[PDB]
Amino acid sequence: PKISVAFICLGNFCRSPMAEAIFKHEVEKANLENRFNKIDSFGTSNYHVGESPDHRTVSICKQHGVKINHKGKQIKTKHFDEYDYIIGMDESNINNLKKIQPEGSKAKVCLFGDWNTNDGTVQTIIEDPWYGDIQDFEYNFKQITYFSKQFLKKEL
């Protein structure tokens, strides 16, 4: 009846925590909270488990008035039966997810950008901003906001 969504990136450090925060935020804005059960973010690696997000991810969120509070956690096979949508940021995320995904598990694995439009507003792939600069985080924010809206528009 209610749906559960998980966002995934490589280290659950720069991108997916941002996707989770922005998505929770848009759901609020639109009064769709009743339609959701769980909204989380995980990383495929365990390198930043227990850590708070990249300070640039937090700064950008704060800059747009988006609340963010998260500690890194790693996706586990059990999660494939707990979420309706497991959303990756780039193709390498998707490759790893499809490999660990139990056959017959419930989760639909997709690229956040599968909800992108065919018009050039934003690039489809949400690129890793770690080696980039604050400008890359700002663009990730713009991308995620846009796909969050398309998702709410087309999936409910």
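The first residue of the shown sequence is 1; numbering continues from there.
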Mean C-alpha temperature factor, higher of 110 to 118 and 125 to 133:
110 to 118
Tell me which stretch, 61 to 69 or 28 to 36, has the higher mean Cα B-factor listed in the entry.
28 to 36
Per the deposited B-factor column, the C-alpha that peaks among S41, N95, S45, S52 belongs to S52
Quick check for you: using the entry's CA B-factors within this chain, is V5 in the lowest, middle or highest third?
middle
Position of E103 among the chain's modelled residues by C-alpha B-factor, lowest, middle or highest third
highest
